[PDB]
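Working notes, structure below.
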Amino acid sequence: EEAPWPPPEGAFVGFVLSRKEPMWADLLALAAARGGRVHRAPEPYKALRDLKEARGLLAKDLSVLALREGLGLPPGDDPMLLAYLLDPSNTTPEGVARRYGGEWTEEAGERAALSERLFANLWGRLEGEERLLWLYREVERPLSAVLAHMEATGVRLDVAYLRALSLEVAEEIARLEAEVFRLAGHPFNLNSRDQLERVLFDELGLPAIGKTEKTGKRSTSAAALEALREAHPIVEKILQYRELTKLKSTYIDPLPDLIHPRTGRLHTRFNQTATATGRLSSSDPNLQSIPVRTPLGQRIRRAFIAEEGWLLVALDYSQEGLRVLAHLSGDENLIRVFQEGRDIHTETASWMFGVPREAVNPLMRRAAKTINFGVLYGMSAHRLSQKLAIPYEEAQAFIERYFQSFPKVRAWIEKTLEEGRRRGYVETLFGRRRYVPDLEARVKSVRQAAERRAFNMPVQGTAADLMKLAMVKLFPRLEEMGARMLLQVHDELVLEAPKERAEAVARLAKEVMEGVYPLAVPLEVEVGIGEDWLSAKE
Amino acid sequence: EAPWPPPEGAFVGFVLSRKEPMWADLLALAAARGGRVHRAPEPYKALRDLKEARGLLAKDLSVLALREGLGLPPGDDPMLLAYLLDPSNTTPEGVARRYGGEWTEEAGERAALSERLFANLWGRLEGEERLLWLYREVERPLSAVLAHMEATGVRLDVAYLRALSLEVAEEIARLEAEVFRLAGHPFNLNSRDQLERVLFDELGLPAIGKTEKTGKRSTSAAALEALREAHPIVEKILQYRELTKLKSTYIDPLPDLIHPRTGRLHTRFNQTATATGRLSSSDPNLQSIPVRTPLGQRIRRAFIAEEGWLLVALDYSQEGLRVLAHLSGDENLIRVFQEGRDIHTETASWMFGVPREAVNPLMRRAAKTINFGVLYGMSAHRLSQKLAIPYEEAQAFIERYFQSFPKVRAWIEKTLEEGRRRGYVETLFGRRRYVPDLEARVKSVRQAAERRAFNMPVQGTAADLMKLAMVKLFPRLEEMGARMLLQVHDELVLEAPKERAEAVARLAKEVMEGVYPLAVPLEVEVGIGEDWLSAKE
DNA sequence: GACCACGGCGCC
DNA sequence: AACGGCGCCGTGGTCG
DNA sequence: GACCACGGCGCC
DNA sequence: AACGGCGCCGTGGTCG
Ligand SMILES: CO[C@@H]1[C@H](O)[C@@H](COP(=O)(O)OP(=O)(O)OP(=O)(O)O)O[C@H]1n1cnc2c(=O)[nH]c(N)nc21
Ligand SMILES: CO[C@@H]1[C@H](O)[C@@H](COP(=O)(O)OP(=O)(O)OP(=O)(O)O)O[C@H]1n1cnc2c(=O)[nH]c(N)nc21
Ligand SMILES: [Mg+2]
Ligand SMILES: [Mg+2]
Ligand SMILES: [Mg+2]
Ligand SMILES: [Mg+2]
Ligand SMILES: [Mg+2]
Ligand SMILES: [Mg+2]
């Protein structure tokens with residue numbers, strides 16, 4: 001059983017943190033295991049120096065803590081990544097242990113032994129799965145090291161700007177509350193959907209257009225209230241109240257309070273085994289959800305700034321998911337869109353709002369994305385008629401004209417579903433896999449739902465795979481140039497570079513991101529440089 | 001005609017005293033932009049004014065520049081665009097004739113042609129997004145890699161080769177005498193005509209095969225293999241041929257090609273010379289160095305590292321068969337690799353009737369000819385001669401292979417069916433070869449076309465993967481003070497300081513095996529050594 | 001005397 | 001003729 | 001008083 | 001109910 005620190009080479013580590021967030025956490029305990037022997041370390045933080053890498057469950061999290069402490073301990077093998085690739089419903093160590101063998105305890109030494117066993121166990125289960133193993137070796141494992149740096153680096157925040165914005169927004173919220181009290185007759189909680197329901201539909205008697213998902217009540221969502229906006233001033237004021245209160249409580253007030261003592265920066269987590277499609281997620285806080293669409297949203301992006309002497313470089317794949325679809329489907333009308341430098345989000349927005357291309361504002365573009373992606377990924381005619389404010393039959397027709405325009409897209413969806421029906425899974429271009437049950441369910445609505453999940457995944461997942469390969473390829477070249485990778489927002493990368501090197505960093509990042517794979521459609525990257533995140537995308 | 005220097009993004013043209021850039025004199029240099037030709041009065045000094053060589057045969061000029069101590073990387077080259085459009089485009093003369101303009105012997109004209117052919121061929125490649133990706137991400141950056149490789153060269157053990165020439169000369173004389181004695185009279189052993197008359201008329205030996213085009217009785221190793229053990233003269237002639245071949249082609253000429261500026265041997269890596277997407281090597285051909293026979297192994301010993309350095313040799317294991325397993329999805333073939341089997345060894349063992357460990361390189365090579373032969377459509381007739389078995393048993397051998405690997409057969413059929421409809425076949429990355437005669441009326445002409453067509457995606461995919469490995473590996477070698485010397489299709493030869501050689505080997509292995517998500521893992525055999533033989537032991 | 005199609009064979 | 005893809009050597013028939 | 005399913009909504 | 005994929009906020013019904 002037990003031997004003394006330090007462990008031999010190629011040992012698997014286990015550890016306990018005071019809490020989830022590695023940047024904020026205390027390292028309570030550290031152990032390592034090889035050939036079944038558990039070596040416990042009496043001084044956890046100092047014992048980090050003895051390891052060449054962190055190999056084991058949640059390796060990246062430990063590596064992040066190490067970086068915080070000034071130690072470069074890269075993450076290596078992690079059974080969670082093997083498990084996530086085997087089945088992306090594997091998202092936690094508790095779950096993976098339960099499903100495949102052993103138990104996730106709260107003791108470093110047990111965790112270290114589990115890491116070792118689960119590693120060989122999951123490796124064994126992945127035998128013959130050569131494309132999943134390639135993703136492991138060439139994408140997921142090296143990416144974990146990229147994510148560790150990203151987490152430990154963080155992003156600078158303009159604190160004073162945000163404090164001033166809180167005060168400004170508070171004042172607007174008070175004014176809107178009063179104006180809505182006046183308009184309704186009486187005080188109430190504007191943040192209570194139950195009380196808003198009773199006020200809007202009972203007392204004021206306004207038409208109740210939609211239902212809620214699970215409670216079957218009349219909905220107060222922006223969807224259900226959109227048509228009612230211009231007629232009734234109260235509805236406008238409530239939606240404005242909602243936006244301001246959302247942005248204040250979720251972003252404006254909490255974020256400046258999360259500045260970290262050791263760095264003077266804001267730190268997030270990039271969760272590498274959290275989605276069914278192969279995307280990353282971000283949490284604590286979610287820096288993949290920063291507002292950007294509305295006028296107030298744009299002011300929040302202004303608060304994300306570079307270190308003094310540096311600039312932000314923002315690179316966002318243009319119409320990423322649609323380019324990926326063009327490749328997957330081979331639809332040459334869709335391939336043609338890109339070869340001609342057309343933008344279908346702009347084209348749809350122009351039609352929708354009845355304005356030229358140049359007068360398409362970000363709200364409009366986002367609203368057009370919802371139609372373009374909506375129709376493609378199986379939005380009903382009913383919902384599309386409400387969203388475009390057109391008759392049912394004309395919505396039905398709209399849907400059929402899209403697939404008439406893009407017949408190889410339709411054929412691709414059908415092939416994807418037919419295969420998914422026989423195999424029980426769908427997969428990305430690199431062979432990442434998602435199990436989708438219910439493709440042959442008897443209830444139509446449950447089958448059709450399963451279908452939408454299934455033919456979406458290869459597109460969303462292929463795009464994620466391509467971004468991850470870009471990151472793994474780009475990151476080592478950034479370090480050589482004294483540049484940093486701060487954020488990923490799915491099809492977007494945010495970097496930080498010295499003002500001197502920012503032009504060259506932009507050019508290299510663009511090249512790497514656009515040359516990742518021989519697609520039937522060229523990948524194009526929108527680059528911007530700026531002192532803050534808003535101006536870096538102007 | 002405006003004055004030197006030219007504006008930025010100009011296309012260059014140049015004239016060399018000769019083919020080989022390492023040996024050539026730069027007679028003239030010009031550059032062109034927007035139709036204006038800027039002629040340089042001092043060619044060699046005018047190289048300093050360019051940021052890159054853009055234009056026809058850009059790599060060749062870049063090599064001359066490197067020789068001169070100037071780092072002028074090659075960029076755009078219409079030859080590469082043309083080669084990707086159709087790999088029958090191999091020369092500037094041909095490309096100009098086919099697509100527009102004329103290849104002259106005047107720098108300024110060549111520079112203007114470069115500009116016009118660039119936009120012309122770019123235009124013709126519109127919509128061909130995978131070919132353009134190969135251009136931007138593989139062929140263009142590779143041209144820079146090849147420039148360094150050419151200008152770096154490889155060290156040669158000159159004294160060793162001189163001693164070997166003397167030793168081989170003596171053997172040649174002895175064998176000639178022993179063959180004169182055995183035949184009755186002198187004659188030219190190097191004359192196939194006189195060997196024919198001596199072997200088949202005078203000595204009356206059976207004449208098993210014909211020559212391709214002259215319809216005479218063949219004196220080839222094929223036609224003489226069965227006759228070896230019975231008749232001592234036939235053995236002696238084959239040995240004579242090997243020694244004279246190796247002496248005249250490698251042993252004597254190579255040490256005389258050591259270059260005054262480097263003290264090394266330099267080759268050319270021709271980037272638009274093959275129908276499949278492979279490189280070729282010429283002047284001399286360092287992709288043809290003997291390896292197989294005992295004497296062949298001694299020649300490899302002559303390829304050595306600089307003092308204080310080691311050679312690193314990396315060769316894709318059963319690379320073409322791994323590529324086929326991916327293309328075909330044949331899971332029996334995928335299984336071979338997952339189990340760490342070697343079908344070349346397996347075939348050789350049964351052919352020669354010896355264990356795995358007693359398979360010598362001659363035997364392995366002979367097994368490769370059977371394994372690849374049968375796959376790529378060798379007739380039963382020829383296979384019966386090569387295995388020395390009855391016709392019917394050769395027929396059966398062929399059918400058992402495709403019974404074992406049914407998705408390979410299905411893959412061949414799909415490849416041919418599509419090639420029939422499109423008139424071309426293509427690699428995994430979309431590199432394309434036009435193959436006429438897939439529907440020819442004469443069976444033999446059709447079948448030939450077929451063999452060319454279903455071979456290409458395999459040979460070409462393998463070439464594409466190697467080129468991507470080179471483009472990815474090369475920049476990382478420079479950071480480590482290492483060099484890339486040679487490519488031999490599925491093989492890379494590097495040179496590194498003895499201290500860094502372990503780390504260079506490990507990085508090169510990683511890069512070469514992680515190039516693409518195949519259904520079969522790519523495995524690289526690595527070796528380190530002072531010479532090329534020992535780096536592969 | 002100059003040229004080059006050809007057999008033969010080195011490598012993958 | 002016909003496994004596929006290259007490049008290099010020495011021979012001797014042909015021609016102006 | 002503690003918990004958490006839920007509507008709603010920020011982003012891709 | 002049903003475009004797909006996430007994570008975060010404040011509300012109020014339920015329960016021991
Ligand atoms: C499946 O691909 C799409 C998008 O292409 C991808 C990236 O989002 P974003 O960058 O906002 O859209 P896109 O890149 O197409 O537009 P621009 O970056 O503005 O050119 O994210 C996916 N996505 C974004 N919003 C939605 C959405 O509402 N529905 C679905 N089904 N997918 C969406
Ligand atoms: C189409 O692929 C094959 C081979 O896989 C490839 C590489 O050659 P080499 O490295 O000698 O063979 P391989 O890599 O299969 O074996 P080892 O490296 O010895 O493991 O080169 C091709 N090749 C080699 N010799 C031949 C041959 O005689 N015929 C054909 N048709 N192809 C051949
Ligand atoms: Mg985008
Ligand atoms: Mg985006
Ligand atoms: Mg090989
Ligand atoms: Mg080889
Ligand atoms: Mg020939
Ligand atoms: Mg929810």
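Note: hydrogens, waters and symmetry copies are ignored here, and every other heavy atom, side chains too, is used. Here is the naming used below: chain letters follow the sequence lines, and residue numbers restart at 1 for every chain.
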Decide yes or no, distance alone: a donor-acceptor N/O pair under 3.5 angstrom between the base of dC9(C) and the side-chain of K245(B). yes
Could you check whether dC9(F) and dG7(E) make a Watson-Crick or G-U wobble pair, counting it only if both donor-acceptor distances come in under 3.5 Å? yes
Classify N286(A) by what it touches in the nucleic acid, base, sugar-phosphate, or nothing, heavy-atom distance under 4.0 Å. base
Whole-Å distance between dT14(D) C1' and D193(B) CG? 15 Å
Could you list the residues that satisfy side chain to side chain donor-acceptor pair (under 3.5 Å) with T250(A), not counting sequence neighbours? none
Choose from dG10(C), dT11(D), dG5(D) the nucleotide whose nearest atom is closest to any side-chain atom of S191(B). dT11(D)
Determine the contact category for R192(B): base if any of its heavy atoms lies under 4.0 Å from a base atom, sugar-phosphate if only primed atoms, P, OP1 or OP2 are that close, otherwise nothing. sugar-phosphate
Below 4.0 Å: OP1/OP2 of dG12(D) and any side-chain N or O of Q194(B): yes
Would you say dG8(C) pairs with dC8(D) if a pair means Watson-Crick or G-U wobble with both distances under 3.5 Å? yes
Side chain of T369(B), backbone of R365(B): donor and acceptor closer than 3.5 Å? yes
Measure CG/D491(A) against P/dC6(F) and give the value in whole Å, please. 16 Å
By nearest atom, which of the nucleotides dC8(D), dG5(D), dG4(F) is closest to the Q460(A) side chain? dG4(F)
Would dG1(C) and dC15(F) count as a Watson-Crick or G-U wobble pair, both distances under 3.5 angstrom? no
Side chain to side chain donor-acceptor pair (under 3.5 Å) against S380(A), all qualifying residues, sequence neighbours excluded: none
Is it possible for you to check whether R409(B) lies under 6.0 Å from the centre of the six-membered ring of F402(B), through NZ or CZ, and within 45° of that ring's axis? yes
Is it true that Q460(A) and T277(A) share a donor-acceptor pair across their side chains at a distance under 3.5 Å? yes
Side chain of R279(A) - closest among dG4(D), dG10(C), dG4(F): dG4(F)
At under 4.0 Å, does any side-chain N or O of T274(B) touch on OP1 or OP2 of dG5(D)? no
Sugar-phosphate only, base, or nothing, as touched by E320(A) at under 4.0 Å among non-hydrogen atoms: nothing
Between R241(B) and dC9(C), is there a side-chain N or O to OP1/OP2 distance below 4.0 Å? yes
Under the side chain to side chain donor-acceptor pair (under 3.5 Å) rule, collect the residues that match up with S288(B), sequence neighbours excluded. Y250(B)
Considering only heavy atoms, which members of residues 213-221 of chain A lie under 4.0 Å from some atom of DNA chain F? none
Name the residue closer to the 5' end of DNA chain F, choosing between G374(A) and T250(A) according to the nucleotide with the nearest heavy atom. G374(A)
Using atom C1' of each nucleotide, how far apart are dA5(E) and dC3(F) to the nearest Å? 24 Å
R452(A) to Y377(A) six-membered ring, cation-pi geometry met (6.0 Å, 45°): no
Whole angstrom is fine here: how far is it from CZ in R300(B) over to P in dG10(C)? 13 Å
From the list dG12(D), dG10(E), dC9(D), which nucleotide is the closest neighbour of the side chain of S248(B)? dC9(D)
Base, sugar-phosphate or nothing for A222(A)? Non-hydrogen atoms, less than 4.0 Å. sugar-phosphate
Can we call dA5(C) and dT11(F) a base pair, counting Watson-Crick and G-U wobble only and needing both distances under 3.5 Å? no
Is it true that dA2(C) and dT14(F) form a pair, Watson-Crick or G-U wobble, with both distances below 3.5 Å? no
OP1 or OP2 of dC11(C) versus the side-chain N and O atoms of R292(B): is any pair under 4.0 Å? yes
Taking OP1 and OP2 of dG4(F), is either one under 4.0 Å from a side-chain nitrogen or oxygen of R452(A)? yes
So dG10(D) and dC6(C), Watson-Crick or G-U wobble pair with both distances under 3.5 Å, or not? yes
Determine whether neighbouring nucleotides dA2(E) and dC3(E) are base-stacked, defined as six-membered ring centroids separated by less than 5.5 Å with an interplanar angle below 30°. yes
Phosphate contact (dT11(D) OP1 or OP2) by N188(B) side-chain N/O below 4.0 Å: yes
With sequence neighbours left out, the residues meeting salt bridge (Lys or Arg N to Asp or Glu O under 4.0 Å) with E21(A) are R19(A)
Any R383(A) side-chain nitrogen or oxygen under 4.0 Å from OP1 or OP2 of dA2(F): no
Taking only side-chain nitrogens and oxygens of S379(B), does any of them come within less than 4.0 Å of OP1 or OP2 of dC3(D)? yes
For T427(B), give me all partners under side chain to side chain donor-acceptor pair (under 3.5 Å), at least two apart in sequence or on another chain. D464(B)
